[PDB]
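Colleague: I am attaching a structure below and will ask some questions about it afterwards.
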Amino acid sequence: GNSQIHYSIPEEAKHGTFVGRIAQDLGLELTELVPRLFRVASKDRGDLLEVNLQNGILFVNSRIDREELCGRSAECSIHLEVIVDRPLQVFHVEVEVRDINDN
């Protein structure tokens, strides 16, 4: 089974920063996501990151800076749900922050 997937991204990741090949980890061709009605959403704000069918790479689409993200909590975990139509299901996506409290 391939439902549990997580990525790694260091804090202060300006919009467009690498996070983790969502498609590569999913096991689907970038030319199949389009017709598969690929979609991304979250229960928090629904606007944390986005996937690019170009290279199936995951880039930042929100505030990652420790100031915005959290900063305080050394270890910050994020949850996301990728809505895909045909097949009808969701992909568990968890991205953690990489940095230190001291700086």
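By convention here, the chains of the structure tokens are called A, B, ... in the order presented, each chain's residues are numbered starting at 1, and ligands are numbered starting at 1 in the order presented.
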Residues of range 23-52 of chain A in strand (DSSP E) according to DSSP, as a PDB file with C-alpha atoms, in the first residue's frame?
Modeller:
ATOM      1  CA  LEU A  49       1.765  23.950  -0.654  1.00  0.00           C
ATOM      2  CA  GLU A  50       1.053  22.888  -4.236  1.00  0.00           C
ATOM      3  CA  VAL A  51       2.152  20.226  -6.721  1.00  0.00           C
ATOM      4  CA  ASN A  52       3.494  20.955 -10.204  1.00  0.00           C
TER       5      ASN A  52
END
Colleague: Sorted by chain and rising residue number, list the residues of range 5-31 of chain A at most 6 Å from range 57-81 of chain A (counting only C-alpha atoms), each with its closest atom pair and distance in Å to one decimal, as CSV.
Modeller:
residue,atom,partner,partner_atom,distance
A:11,CA,A:65,CA,5.5
A:12,CA,A:65,CA,3.7
A:13,CA,A:64,CA,5.3
A:15,CA,A:60,CA,4.6
A:16,CA,A:59,CA,4.7
A:17,CA,A:59,CA,5.1
A:18,CA,A:59,CA,5.0
A:19,CA,A:58,CA,5.4
A:20,CA,A:58,CA,5.4
A:21,CA,A:57,CA,4.5
A:22,CA,A:58,CA,5.9
